[PDB]
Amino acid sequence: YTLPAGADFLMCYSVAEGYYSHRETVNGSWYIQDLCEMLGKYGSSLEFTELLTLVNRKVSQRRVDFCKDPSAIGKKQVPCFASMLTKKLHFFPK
């Protein structure tokens, strides 16, 4: 079979459409911190979209704990990934 020219893209966003995304001034962004933790732990074994789903859960557990603007306290973030992948993706040790 031929393939569509649009196929096999995976777009991994730190937050769903239309929203603010959060970044800690020392530790880095919520999303990249949790992505990197999951990569360290599971990158070499789990399927990558499976891993990204774990990242969705990790980031969803976080909240703005302190903020100069009291209305922003407790605010949230869910990441969003878009798959045009056609197969399972693993990064087993080469």
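Counting begins at 1, following the sequence as shown. Superpose the two forms; the largest set of C-alphas matching within 1.5 Å is the rigid core.
RMS Cα deviation from the shown model in 4 other deposited structures of this protein, rigid core fit, is larger for 5 to 13 than for the other stretch of the pair 5 to 13 / 77 to 85.
For 43 to 51 versus 25 to 33, the mean Cα distance to the shown form in 4 other deposited structures of this protein after rigid core alignment is larger for 25 to 33.
Figure legend: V59 is marked as modelled in all of the other comparable entries of the protein, none of which omit it, let alone a third. Looking at 13 to 21 and 68 to 76 together, the entry lists the larger mean B-factor for 68 to 76, computed on C-alpha atoms. Across the residues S45, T49, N56, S29, the deposited record lists the maximum Cα B factor for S45.
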